[PDB]
Ligand SMILES: [Mg+2]
Ligand code: NA
Ligand code: NA
Ligand code: NA
Ligand code: NA
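Residue numbers (the entry's author numbering), protein chains in the order written: chain P, 1 to 10; chain I, 1 to 10; chain A, 1 to 480; chain B, 37 to 572, 578 to 984; chain D, 247 to 345.
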């Protein structure tokens with residue numbers, strides 16, 4: 001498809 | 001430690 | 001140099017790929033979606049869970065601030081149409097077995113049914129043609145529900161009593177279950193026309209004569225099939241407890257209602273708070289607000305009950321739970337047969353069935369005698385509320401994509417009059433069990449998410465895809 | 037031999053190797069007109085990218101045909117297919133050629149006369165020519181032994197005003213710097229171990245990341261043995277390179293060994309020669325990506341925390357279950373010491389060639405070449421879950437959100453096998469008539485290329501540390517693959533000549549390729565080439586030549602693009618898969634890339650014209666070329682509506698066009714017996730434009746990009762590589778729209794285009810000093826224009842470490858033009874905005890992009906760079922004599938020394954990527970490791 | 247009668263020369279065998295290529311041999327299972343094997 005990122009932590 | 005043969009049919 | 005060497009030797013000869021080799025993919029590819037990324041976003045929309053304070057990912061889903069470009073279902077659209085439905089198209093040209101064609105047409109029709117509940121319109125009459133029509137018109141949700149319901153009827157009528165030769169991971173060739181799924185798919189779709197007010201005379205008699213025959217399915221309709229090993233896990237767990245870190249925590253409406261009804265099912269899927277050992281829920285969209293009102297050290301993950309994934313690994317994907325089947329029967333008796341005796345039957349059998357799946361068998365007394373007891377149901381509309389709520393809980397951690405469809409159709413739970421911030425202020429004013437408009441809300445129109453966006457992959461490639469509309473534009477069968 | 041009628045550039049081995057690069061191409065980086073050369077990163081052993089006159093192959097074969105002697109050389113690349121989570125690059129196929137064996141490079145740029153080298157040449161050709169025989173001095177022994185260091189080049193520009201926190205408040209465990217301003221007071225930090233906690237002054241540590249890196253060290257030893265006779269020659273050469281780059285640990289390793297024997301002999305009439313070469317390499321990479329990698333873990337460090345103070349594993353607070361931050365990130369020292377990512381590669385190549393002259397005016401040449409490789413990848417990562425999850429804060433105390441779940445460990449191993457056989461069978465005819473000269477050439481080409489691998493992976497490791505396919509209680513995964521294509525063509529090249537003044541050339545070739553549908557294998561592409569040396578009193582005009590050419594360069598398709606396939610079922614889901622078998626049932630699915638047997642061959646047409654002149658006995662020289670390239674009917678898996686059954690269909694595309702200008706000017710202002718000063722200026726400007734992708738599939742196709750995020754396309758009207766990204770909503774008047782309640786911008790209804798990948802123009806400026814035996818050469822590389830994605834900016838933004846995020850001294854602000862959309866039923870009304878981004882939500886305003894939102898992280902591709910510096914001392918012969926030495930040249934050098942970048946770019950050397958040395962690499966840089974400065978010494982000793 | 251006649255073709259080539267200070271040998275051998283068991287199941291293909299050369303200037307001599315060797319085999323497996331021979335001997339004396 002189109003590759004997914006990931007948000008981090010805070 | 002060895003190895004098995006089998007017989008045949010008849 | 002022999003040139004005739006261009007046959008891809010990493011895949012079998014097409015000649016050899018027969019219908020029983022393809023058909024098992026339909027069931028799984030569907031479940032890849034309906035139990036995977038779709039089940040996810042429906043979960044937020046139906047207000048079961050929420051974004052953990054100490055992480056970000058589903059922010060734009062809980063605050064409704066995603067757009068058509070966020071591709072929030074492009075993946076599942078590819079699976080549903082280029083995975084399941086094509087293989088379903090192949091099976092139907094590769095096997096003349098009416099029992100196999102029948103179960104393919106049901107899995108075919110179940111896919112379309114889900115597409116339609118997501119963007120109302122969906123390609124249909126022109127889909128699944130190759131180069132011969134790369135840009136297929138998006139038929140309308142009413143046309144699709146119609147067409148596929150006709151596909152099931154035509155196909156049921158073709159059964160000749162022969163059995164299946166295809167590997168069935170769902171009902172293992174037990175036709176009389178597949179007929180059951182079919183009727184249940186009809187019951188669910190028929191109730192939508194009615195409450196959407198289209199041909200509601202016929203469909204009220206078609207539901208009557210359906211529920212009368214009780215030719216439904218036993219148990220749940222599912223894929224029990226997964227394993228706790230890479231690439232073999234339940235699609236929702238694999239994505240969120242493996243591919244990502246823990247992101248979900250329990251929402252204010254679900255924790256309240258369970259906690260006010262004394263429901264012991266509050267422990268199946270919801271862990272107590274790692275800080276004070278009670279069940280705490282987070283107001284929809286409120287991650288960024290709650291942290292602004294309390295400290296920053298005072299709304300961490302320890303302050304809210306996290307969703308438990310322990311049970312996720314092997315947990316099957318469900319297409320039609322039993323507990324929900326009953327709750328649809330108990331709705332039909334209740335409001336179309338005037339049969340308050342047989343509604344109470346199905347209503348309890350609903351509540352009981354779900355208490356079985358979660359492992360609290362023999363405990364329905366907890367709510368079947370206190371609070372959610374059918375006695376205390378005063379109005380014959382206080383009852384539908386009782387049926388409609390218990391269906392909401394019946395589907396938690398089971399079939400979210402419906403729990404968002406049944407929340408849209410029967411617009412129950414009620415939307416709470418009070419804003420998120422007001423409920424945070426004086427919790428007193430909150431009716432337990434009522435949705436809450438997300439604290440942040442990208443919807444220029446307010447109110448709750450009524451649909452998913454069109455696939456970006458279809459926006460860029462199909463000139464005929466409908467124009468983008470905001471999240472508050474309802475689907476063809478939600479009219480309030 | 038300047039009968040050539042299209043642009044081309046020659047370089048001399050000495051120039052190639054003087055920069056002492058471990059590679060042949062990265063030295064000519066900014067030095068030749070219309071040869072775009074960029075290494076993927078400063079990680080040792082990585083790939084280099086060489087694209088000539090624009091991207092033409094919309095995916096993804098744009099390297100030029102490297103040809104050694106003159107057998108095509110394998111230029112295969114070995115980088116990761118998942119740059120977002122496991123990033124690495126292990127090499128370019130040509131990286132294995134030993135620069136000290138180069139005698140003459142000649143880059144043919146023209147797509148018009150290519151029939152000698154075939155279809156691959158439409159990307160340009162890099163003709164290399166290896167050094168050969170003597171007699172000389174001297175036993176025939178050269179030795180260059182060098183020693184260089186490497187230092188970090190650009191780190192992102194940090195803020196030293198606020199330390200560890202989130203929302204603006206103080207936190208003990210954060211992975212970013214949204215904390216209060218720097219008191220100097222003493223606060224806690226880090227996890228709690230055995231009822232104790234560390235406690236440090238809250239002050240900025242401005243060098244804490246700069247201090248993390250060491251000084252990379254690399255020794256290199258080369259050696260050649262040479263001699264010749266009146267009927268033979270023989271060259272033997274060896275070379276060793278051993279790099280340990282600037283990241284701490286052996287994690288960034290590159291070892292290169294080569295060997296080569298090249299001999300000819302004449303006995304006739306008949307000549308026979310043979311070049312044979314072996315090339316080894318062992319890379320280890322410090323993986324990149326969004327996961328638990330070393331850089332993504334490094335950048336997520338508050339400004340007050342001491343990195344180098346985390347290495348000592350005997351300090352419990354640095355062990356994994358008590359690391360100072362749990363937020364999806366691990367001690368960067370522990371990552372480099374316990375994760376594995378290896379590659380090892382053995383390769384054999386060479387040629388046999390049998391010249392045979394006969395009947396006075398004819399010659400016969402047969403030339404076979406073989407380029408076989410075997411390469412073995414091995415990666416594995418610990419079972420952190422079993423080692424550290426129970427009973428630690430990071431930990432059981434982090435529930436699902438622990439960085440350790442579910443890292444249950446993984447090990448995998450892949451063995452790849454490649455092999456190409458090329459065969460040429462030619463006959464050549466060279467007869468003068470009166471003042472004319474006729475040179476003809478007729479031949480046959482044969483090419484066979486095959487690749488295959490066997491991959492096996494194993495998850496959830498039983499003994500948490502040991503990496504081995506027998507170390508796991510769960511099912512293993514197994515993959516297998518092989519491609520084989522073959523090609524035959526017949527060709528012919530005619531060369532005409534008139535008193536060394538006119539040079540006319542006509543080429544014709546016809547290929548049958550195995551990758552095209554059976555009823556349409558054959559394609560035919562001719563060409564024509566004119567050279568006029570309108571230079572036939579002065580003594581002031583040394584050389585004058587004018588150039589033109591009109592030619593075609595057919596091309597086939599990738600393998601196996603015709604027939605439909607049924608892959609084994611598997612379903613791509615976000616961050617996972619569901620792959621058959623399940624459970625005990627296997628399954629096949631209909632393949633998601635629709636075949637097509639109506640494909641027709643690709644056809645590139647080019648027009649070119651040029652002009653070359655010199656003056657004052659070659660003390661002023663310039664060369665200009667204008668080109669117009671059209672790559673038609675390219676065979677591409679073009680994107681398609683998933684509702685159609687497939688996700689893409691293979692069809693011939695339209696024209697991808699590159700028009701441009703290439704210009705070289707060079708002069709010698711001073712040239713006096715003992716002292717010469719040289720100037721060189723080269724300028725390339727190119728105009729990319731996709732002309733028309735098939736309409737029935739829509740306008741556009743994706744070349745690469747994230748999901749619901751910044752992706753890079755190829756759109757009908759536009760250049761090759763258009764970006765889109767989320768841009769904030771504007772009223773019909775100005776005017777950033779913001780949320781009435783939080784203050785943050787409101788994403789517009791679509792993604793806005795935000796720029797292509799291309800430079801607007803590229804140029805470089807070079808100068809050379811010679812005084813007695815002293816040499817001094819300086820080269821500057823200037824590339825301006827375009828844009829690229831940078832998670833390096835993104836993550837430093839998200840994290841509050843980039844200087845940019847000290848904007849309003851983090852005081853609550855109202856976005857300076859903001860406005861609110863006021864919707865009543867159906868009426869749009871904009872109000873001057875009154876709501877402020879509160880302090881607590883300043884983080885979110887930046888993490889998302891600020892007023893640019895997502896398009897914020899498209900960075901200006903543009904930089905000026907101090908490419909190389911080469912100080913060379915050639916000892917005088919008079920200093921030797923009493924010694925075995927026949928020449929000695931001590932050399933001191935430095936590469937990639939300094940980089941100057943607009944102003945919007947405080948983040949990256951723009952010369953980075955995480956997506957490989959070709960088209961898809963122009964997408965961006967997903968926390969590529971820092972690029973690096975290089976400098977060393979080198980000792981040449983002839984014998 | 248079950249067996250055919252195996253066939254095998256061979257081709258060799260060498261190139262050779264020298265001077266008073268150097269020598270050069272370059273060679274290529276090629277073999278292809280299809281043994282007397284029927285089918286292509288008994289196959290051997292061998293290819294070699296070798297280049298060897300020396301050179302004296304000095305005092306110093308330097309030489310180098312480099313060789314590449316290919317082979318593709320197919321073996322008509324033996325054993326006690328469903329293999330080809332053990333299946334052949336276990337044939338009655340009156341049964342026609344070529345039928
Ligand atoms: Mg498919
Ligand atoms: Na995998
Ligand atoms: Na290092
Ligand atoms: Na300031
Ligand atoms: Na044989």
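We put the CB at the ideal spot given by N, CA and C, even for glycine.
The beta carbon of residue 54(A) sits closer than 7 Å to those of 300 and 301, all from its chain and outside the five residues before and after it, given in chain order. Taking a cut-off of 8 Å on C-beta distances, the stretch 840 to 854 of chain B does not touch the stretch 802 to 814 of chain B, as fewer than three cross pairs fall below it. With 7 Å as the limit between CB and the heavy atoms of ligand 5, the residues that fall short of it are 250(D), 252(D), 280(D), 281(D), 282(D), 283(D), 284(D), 285(D), 286(D), 287(D) and 288(D).
For the 8 Å CB-CB criterion, residue 157(B) and residue 594(B) form a contact. Within the stretch 159 to 187 of chain B, the residues whose Cβ lies closer than 7 Å to any Cβ of chain D are, in chain order, 175 and 176. Between residue 296(A) and the set 527(B), 115(B), 216(B) and 621(B), the nearest pair of CA atoms involves 216(B). Residue pairing by DSSP places residue 248(A) opposite 51(A) in a beta bridge. Look at the stretch 373 to 427 of chain B and you find these whole runs of alpha helix (DSSP H), each 4 residues long or longer: 420 to 424.
At a beta-carbon threshold of 8 Å, the residues of chain B lying near residue 267(D) are 263 and 265, ordered along the chain.
Between ligand 4 and residue 847(B), a heavy atom-to-CB distance of less than 7 Å is present.
Shown in chain order are the residues whose CB sits closer than 7 Å to a heavy atom of ligand 1: 82(A), 83(A), 86(A), 87(A), 630(B), 631(B), 632(B) and 633(B).
Distance from the C-beta of residue 231(A) to the nearest heavy atom of ligand 2 is below 7 Å.
Leaving aside the five residues that flank residue 364(A) on each side, the residues in its chain whose CB is nearer than 6 Å to its CB run, in chain order, 351, 352 and 355.
Here DSSP, grouped into helix, strand and coil, assigns residue 668(B) to strand.
What residue 548(B) touches in chain A, judged by beta-carbon distance under 7 Å, is 3, going in chain order. Look at residue 201(A): its C-beta is not under 8 Å from any C-beta on chain B.
Annotation for residue 532(B): the continuous beta strand (DSSP E) segment containing it runs 513 to 534. Burial check for residue 517(B): the Cβ neighbour count within 10 Å stays below 16, so the residue is exposed. In this structure, residue 513(B) has its CB closer than 7 Å to one or more heavy atoms of ligand 2. Within chain P, the residues whose beta carbon sits less than 7 Å from that of residue 363(B) are 8, 9 and 10, listed in sequence order.
Restricted to the stretch 264 to 330 of chain B, the beta strand (DSSP E) segments that are unbroken, complete and at least 3 residues in length are 268 to 280, 289 to 302 and 306 to 320, listed in chain order. Using a CB distance cut-off of 8 Å, residue 297(A) does not count as an interface residue toward chain P. Residue 24(A): not part of any beta strand (DSSP E); member of the alpha helix (DSSP H) spanning 19 to 32, first to last residue. DSSP places residue 188(A) in the helix class (H, G or I) of the three-state scheme. The three-state secondary structure of residue 481(B), taken from DSSP, is strand. At a cut-off of 7 Å, the beta-carbon of residue 850(B) counts as near ligand 4: some heavy atom of the ligand is closer than that.
With its beta carbon at least 8 Å from every one in chain D, residue 249(B) lies outside the interface.
DSSP, reduced to helix, strand and coil, places residue 401(A) within a helical segment of the structure shown. Sequence-distant Cβ neighbours of residue 125(B) in its own chain, meaning closer than 6 Å and more than five residues away, are 76, 82, 83 and 115. Straight-line spacing of the CA atoms in residue 30(A) and residue 328(A) works out to 23 Å. The C-alpha of residue 278(A) is placed about 55 Å away from the C-alpha of residue 942(B). For residue 467(B), the uninterrupted beta strand (DSSP E) run begins and ends at 446 to 469, by DSSP.
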